[PDB]
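Here you get one chain, nothing else, as structure tokens; it is the form deposited without the named molecule.
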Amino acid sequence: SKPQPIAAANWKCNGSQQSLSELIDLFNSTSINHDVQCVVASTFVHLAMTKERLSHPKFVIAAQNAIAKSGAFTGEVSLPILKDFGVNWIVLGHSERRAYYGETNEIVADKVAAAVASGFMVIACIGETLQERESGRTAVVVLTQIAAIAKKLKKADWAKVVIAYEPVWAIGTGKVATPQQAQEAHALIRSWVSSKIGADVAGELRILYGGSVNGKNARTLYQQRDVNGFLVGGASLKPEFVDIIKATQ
């Protein structure tokens, strides 16, 4: 079969106590008969609320970033503080962090290795920018990015990793990648993994699609052979999210 899908809500830098609670009541009331792991990535400020109010057994709370070690880094949150707080999932390498907060492939590779070592389940994000896609650099970019992460990880380390493919050009622009494009980027990444890591690994690996996924387009994307779930922005702030969940099995 396919490995257990994932339907992850990335709330980004948004919400209010009230708006978010709403969402959570919504989610908590939802029924999900199939095997799927739902993840809610809230801002650090609202990790308390969520963790207290989110009761659905199929959902887990996640952070949206972190640094590897506690210390003199004013403004940042480290993995240790996260763990102590009860958080076991984290999103790392987000294109927004890469494009605006100087996160290079190394920096990402590192946070991931560290996160893995501290025992977290990590969603690592990889993907090309409009300009690279237009140059015909898709394969080199994605493969380089994955290989960066791969370096620091050990075989067994893979059981905690979930890869997120997100074509930067599909980010909050409405330009969703076609199922073809999506499946073609996922198969490539997956070939690399069985080639460099092992087919056993490539087979259990969850690879998500991110980039303007919505209630409507979810089903066809999910229908692809190498598409195991989704990493969702905007629609995740809507009840429509529920639809997204239902499209994966």
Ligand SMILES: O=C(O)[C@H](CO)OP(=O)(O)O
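Position 1 is the first residue in the sequence shown; the rest follow in order.
The form solved in complex with the named molecule is left out here; the points below concern that form.
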| item | value |
| --- | --- |
| The named molecule in the bound PDB entry: contacting segment from 80-88, 131-139, 154-162, 169-177, heavy atom within 4.5 Å | 169-177 |
| Residue among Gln37, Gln183, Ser212, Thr50 with a heavy atom within 4.5 Å of the named molecule in the bound PDB entry | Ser212 |
| Interface membership of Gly233, the named molecule in the bound PDB entry, 4.5 Å heavy atom rule | yes |
| Within 4.5 Å of the named molecule in the bound PDB entry: residues from 1-38 (heavy atom criterion) | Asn10, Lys12 |
